[PDB]
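Q: Structure below; questions to follow.
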2 protein chains.
Amino acid sequence: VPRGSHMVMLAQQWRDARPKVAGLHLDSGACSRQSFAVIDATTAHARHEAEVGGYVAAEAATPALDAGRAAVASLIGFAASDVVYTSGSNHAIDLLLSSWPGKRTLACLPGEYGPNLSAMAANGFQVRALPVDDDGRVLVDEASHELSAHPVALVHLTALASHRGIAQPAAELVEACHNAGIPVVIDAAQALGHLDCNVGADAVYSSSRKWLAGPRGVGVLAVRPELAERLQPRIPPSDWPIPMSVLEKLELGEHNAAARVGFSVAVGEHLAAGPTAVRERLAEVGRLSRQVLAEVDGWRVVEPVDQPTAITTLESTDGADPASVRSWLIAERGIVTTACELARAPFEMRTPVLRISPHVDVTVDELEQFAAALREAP
Amino acid sequence: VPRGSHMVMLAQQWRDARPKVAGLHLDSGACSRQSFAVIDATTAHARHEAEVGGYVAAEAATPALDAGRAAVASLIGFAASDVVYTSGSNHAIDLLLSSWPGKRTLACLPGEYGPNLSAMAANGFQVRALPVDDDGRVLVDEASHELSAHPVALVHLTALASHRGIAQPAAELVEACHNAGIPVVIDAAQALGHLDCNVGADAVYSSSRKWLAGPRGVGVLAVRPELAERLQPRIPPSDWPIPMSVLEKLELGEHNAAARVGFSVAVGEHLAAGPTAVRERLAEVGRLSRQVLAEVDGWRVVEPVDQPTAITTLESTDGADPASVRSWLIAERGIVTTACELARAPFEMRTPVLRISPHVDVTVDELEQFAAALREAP
Ligand SMILES: *Cc1c(COP(=O)(O)O)cnc(C)c1O
Ligand SMILES: *Cc1c(COP(=O)(O)O)cnc(C)c1O
């Protein structure tokens, strides 16, 4: 017996702070939609660069930039001074792993994001898999045993995977890993702004452009000071003249400053709307999605029906190619989606999937238009 | 006997395509000023990301992105398909040097940009100095002898230094290096849009935000195919599943797409205005600057008076600190400048300098206001 949507003003306020969608956007897990305020804040900084000078404009923006660090810090339980800006989540993990001291061994999910594995390998890490259930959810007790008996230099948990909408039990794993005396890094690229990311991790990173609906080309890396000062940044070399802290070294480099102030506005908007309220809505968006897609011929829903996420993935039962379906949906029906290849999670995925990832604004009629379009798809 | 300025409509068209400066901007070598068109083009893409989807918007922008590659390619004598987007010039040299095969030995100017040296070191290069005159200009014949007798895996020429406005004889050095059978990389961060960068180099890189007046957070790297396919990118590892070309690997990663289309508009504007005409104007801006600053007490001009560049640097003769002067000029008189520390060119600079780097729009009255303000400076 299905249930109605809990009506909340939040959904509409969100939709109306953003430009009108052309068709139908179900792809906030890939790239969400900047508010007018975010777009204006970015444009404004670029204009200011042109008036007063680019570096003086950047200096004058330290208030807003610091605000953004702090808002991020509050969402993860770190201090604002532990937080640093990056180009994105891949930049973030590379900065971290390339800086890591001593024995480079880690454990992670089998469903680990492929480009993360790529970076792990490129930085000379030995990578072991953590024990999981049939869905890819970590088994926390078994993981505890495994890590006590067989130690590793760090654990890398993707709290929410790009290819499947399973909420990982982050907090429970973090205390298990700490009991074994092992630090935890968290890939919160999908999770930040979506799951409770206040779980006592040692490092966390994420991306601007996804659930926080900020500009592309920005991410964040946060590292606790105990860990931060053990790190040995690749650039500059460790025997270099100009003395600066580890986090100052990691944040070093040319970047789009405007996009960073854009981001700060965007986290601001998340906090303003209420983290907890937004997350409960996204969880409900997921419920409704899986109810509506429960019965489509040629597609089965992969996630349990009451996982607290907005990510819902569909596997074809008659050998249809999601990349093609995605293309059709865009060109013909203006419906934006993501096709996840095996390369996204090579040691878990056996077959590609179609991923919907709608934000708070989605309606039940919109989920029906998708299901309709999904039926009459070549 | 001084000479008048060659009046050209170019100066004014440029000024009027940009926002009104608040005070006086003499710092295009650090960060220039985006045109209204550039700013609008960037904003437009971000808005489009929000309507049609971020990745579909990026795909739809391939025309403009490819245009920008091509415009860059024409300025350096490469093919558009040799050109790739980066975060900036430091990103560029790191991508290149981290990818370099076999024996890692190079020669460069003693006046090499400090962060370049830092990257060279971090990638395990042995770095030798090329012979130069008193100004830091390379002596081409002596360099030819040195390289024949004592070979090196590549030569890194900064065609125009950040700390001093010496135009390096790039073309003449490139043929000398090729005669010795040695490839040449060029740091054209200051030179692109400023000097003739069509000189037959094997690789060239530059930055969006300087003389081409594009967005921050963007640069370009161009590599000839002979060299490109010998390169072995750090990420992904060389034994990785997904097969793609070297340049495709280097351009991989999250980035601000909007800023890239911004950049394309900006190179467009340079080509539209006429490279050769713009360069001759910048050269004249330099002449006028050095005439006007010829006699200031407590400051001497460093560059010969007829170097074809807009970069003019001042050394204090009564132990004044340029960082302080720069700060005063901004806070009190709204004049934007750059203070170059020793760390910018550690193996050449003995003492800090104040750097002016005005674009085509500068007037002679503006250069007088600076000289005036430079006299009554604490
Ligand atoms: C989006 C994604 C990333 C990649 O981050 P970039 O911002 O593209 O560098 C990382 N991990 C997850 C789980 C992803 O969904
Ligand atoms: C500006 C500058 C750079 C640094 O490039 P980024 O865009 O800041 O990464 C490189 N070399 C020269 C000569 C510089 O002036």
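Q: Filtering the stretch B:321-378 down to residues that are in contact with a strand residue (DSSP E or B) (Cβ under 8 Å, 6 or more places away or on another chain) and among the basic types (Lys, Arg), which residue is nearest to B:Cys31 (Cα to Cα)?
A: B:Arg355
Q: Looking at the stretch B:197-219 only, could you name the residues that are more than 14 Å from chain A (Cβ to nearest Cβ) and either within 11 Å of ligand 2 (Cβ to nearest atom) or not in a loop (DSSP other than H, G, I, E, B) (or both)?
A: B:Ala203, B:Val204, listed by residue number.
Q: I need the full set of residues from the stretch B:344-368 which are assigned to a helix (DSSP H, G or I) and surrounded by fewer than 16 Cβ atoms within 10 Å (Cβ to Cβ), in order please.
A: Answer for the stretch B:344-368, where residues must be assigned to a helix (DSSP H, G or I) and surrounded by fewer than 16 Cβ atoms within 10 Å (Cβ to Cβ): B:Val364, B:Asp365, B:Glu368.
Q: Just name the residue that is nearest to A:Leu342 (Cα to Cα) out of those in the stretch A:133-181 that are within 16 Å of ligand 1 (Cβ to nearest atom) and of a type in the set (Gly, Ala, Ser).
A: Restricting to residues being within 16 Å of ligand 1 (Cβ to nearest atom) and of a type in the set (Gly, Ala, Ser), the top hit is A:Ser162.
Q: Looking at the structure I just gave you, is A:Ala46 in a helix (DSSP H, G or I), away from every other protein chain (no Cβ under 11 Å) and hydrophobic (A, V, I, L, M, F, W, C)?
A: When the stated conditions are applied, A:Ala46 does not pass them.
Q: Now for a different question. Has the stretch B:101-116 got at least one residue that is free of Cβ contacts under 8 Å to residues at least 40 places away in the same chain and touching a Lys or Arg at 6+ places or on another chain (Cβ under 8 Å)?
A: no
Q: Identify all residues within the stretch A:56-71 that are in a helix (DSSP H, G or I) and in contact (Cβ under 8 Å) with a residue 12 or more places away in the chain; write none if there are none.
A: Quick first cut of the stretch A:56-71, residues in a helix (DSSP H, G or I) only: A:56-59, A:62-71.
Passing the criteria: A:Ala57, A:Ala58, A:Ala64, A:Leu65, A:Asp66, A:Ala67, A:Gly68, A:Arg69, A:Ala70, A:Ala71.
Q: Count, please, the residues in the stretch A:182-217 that happen to be more than 10 Å from ligand 1 (Cβ to nearest atom), small (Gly, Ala, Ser) and in contact with a strand residue (DSSP E or B) (Cβ under 9 Å, 6 or more places away or on another chain).
A: Of the residues in that region, 5 qualify.
Q: Are any residues in the stretch A:23-37 facing chain B (nearest Cβ under 8 Å), of a type outside the set (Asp, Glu) and surrounded by 24 or more Cβ atoms within 10 Å (Cβ to Cβ), and if so, which ones?
A: Narrowing the stretch A:23-37 to residues facing chain B (nearest Cβ under 8 Å): A:23, A:25, A:27, A:30-34.
If we keep only those that are of a type outside the set (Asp, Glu) too, we end up with A:23, A:25, A:30-34.
The answer is A:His25, A:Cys31, A:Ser32, A:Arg33, A:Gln34.
Q: Among (1) more than 21 Å from A:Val199 (Cβ to Cβ); (2) within 16 Å of ligand 1 (Cβ to nearest atom); (3) assigned to a loop (DSSP other than H, G, I, E, B), where does A:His91 come up short?
A: Failing condition for A:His91: (3).
Q: With the condition kept exactly as written, say whether any residue in the stretch B:177-192 is part of a strand (DSSP E or B), under 25 Å from B:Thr313 (Cβ atoms) and within 14 Å of chain A (Cβ to nearest Cβ). Steps first, please.
A: Here is the first cut: in the stretch B:177-192, the ones part of a strand (DSSP E or B) are B:184-187.
Filter once more, so that each one left must be under 25 Å from B:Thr313 (Cβ atoms): B:185-187.
Still in the list and also within 14 Å of chain A (Cβ to nearest Cβ): B:187.
Yes, the stretch B:177-192 contains a residue that is part of a strand (DSSP E or B), under 25 Å from B:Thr313 (Cβ atoms) and within 14 Å of chain A (Cβ to nearest Cβ).
Q: Oh, and also: Taking the stretch A:19-60, which residues are over 26 Å from A:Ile311 (Cβ atoms), of a type in the set (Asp, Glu) and out of contact with any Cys (no Cβ under 9 Å at 6 or more places or on another chain)?
A: Listed by number, the residues that qualify are A:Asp40, A:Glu51, A:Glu59.
Q: Looking at the stretch B:329-346, I want the residues that are basic (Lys, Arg) and have a partner that is surrounded by fewer than 19 Cβ atoms within 10 Å (Cβ to Cβ) with Cβ atoms under 6 Å, at least 6 apart or on another chain. Which pairs are those?
A: Between residues of the stretch B:329-346 that are basic (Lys, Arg) and residues that are surrounded by fewer than 19 Cβ atoms within 10 Å (Cβ to Cβ), the close pairs are B:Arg333/B:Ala373.
Q: Moving to a separate point now. What are the residue pairs meeting all of these: first residue in the stretch B:181-197, first residue in contact (Cβ under 8 Å) with a residue 12 or more places away in the chain, second residue among the aromatic types (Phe, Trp, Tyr) and within 11 Å of ligand 2 (Cβ to nearest atom), Cβ atoms under 6 Å, and 6 or more apart or on different chains?
A: Partner pairs satisfying both residue conditions: B:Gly193/B:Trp211; B:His194/B:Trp211.
Q: Now, a different point. Does any residue of the stretch A:120-137 turn out to be among the aliphatic types (A, V, I, L, M) and under 16 Å from the mean Cα position of the chain (by Cα)? Break it down stepwise before answering.
A: As a first pass, look at the stretch A:120-137 and keep what is among the aliphatic types (A, V, I, L, M): A:120-122, A:127, A:129-130, A:132.
Now narrow it down to the ones that are under 16 Å from the mean Cα position of the chain (by Cα): none.
Looking for residues that are among the aliphatic types (A, V, I, L, M) and under 16 Å from the mean Cα position of the chain (by Cα), one finds none in the stretch A:120-137, hence no.
Q: Just to verify a result, which residue in the stretch B:72-88, among those that are within 26 Å of B:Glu49 (Cβ to Cβ) and outside any helix (DSSP H, G or I), is nearest to the other protein chains (Cβ to nearest Cβ)?
A: Only one residue fits best here, namely B:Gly88.
Q: Residues A:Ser98, A:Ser89: which one is out of contact with any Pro (no Cβ under 6 Å at 6 or more places or on another chain), in contact (Cβ under 8 Å) with a residue 60 or more places away in the chain and within 30 Å of A:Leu282 (Cα to Cα)?
A: Residue meeting the stated conditions: A:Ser89.
Q: Could you count how many residues in the stretch B:235-262 are at the interface with another protein chain (Cβ under 8 Å from one of its Cβ atoms) and away from ligand 1 (no atom under 16 Å from the Cβ)?
A: Here the count works out to 3.
Q: Given the criterion under 23 Å from the mean Cα position of the chain (by Cα), small (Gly, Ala, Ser) and surrounded by fewer than 17 Cβ atoms within 10 Å (Cβ to Cβ), identify the matching residue among A:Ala323, A:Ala331, A:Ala371, A:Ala310.
A: Answer to the check: A:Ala323.
Q: When you look at B:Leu106, is it buried (at least 17 other Cβ atoms within 10 Å of the Cβ), in contact with a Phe, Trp or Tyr (Cβ under 9 Å, 6 or more places away or on another chain), more than 11 Å from every other protein chain (Cβ to nearest Cβ) and not in a helix (DSSP H, G or I), yes or no?
A: Details: buried (at least 17 other Cβ atoms within 10 Å of the Cβ): yes; in contact with a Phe, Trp or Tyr (Cβ under 9 Å, 6 or more places away or on another chain): yes; more than 11 Å from every other protein chain (Cβ to nearest Cβ): yes; not in a helix (DSSP H, G or I): yes.
Yes: the conditions hold for B:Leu106.
Q: Restricting attention to the stretch B:134-181, and to residues there that are closer than 22 Å to B:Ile76 by Cβ and among the β-branched types (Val, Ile, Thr), which single residue is surrounded by the fewest Cβ atoms within 10 Å (Cβ to Cβ)?
A: B:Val140
Read-outs: derived from the displayed coordinates by stated rules, not from any lab. Counting neighbours? That spans all protein chains shown, and the Cβs are built from the backbone with ideal geometry, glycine included.
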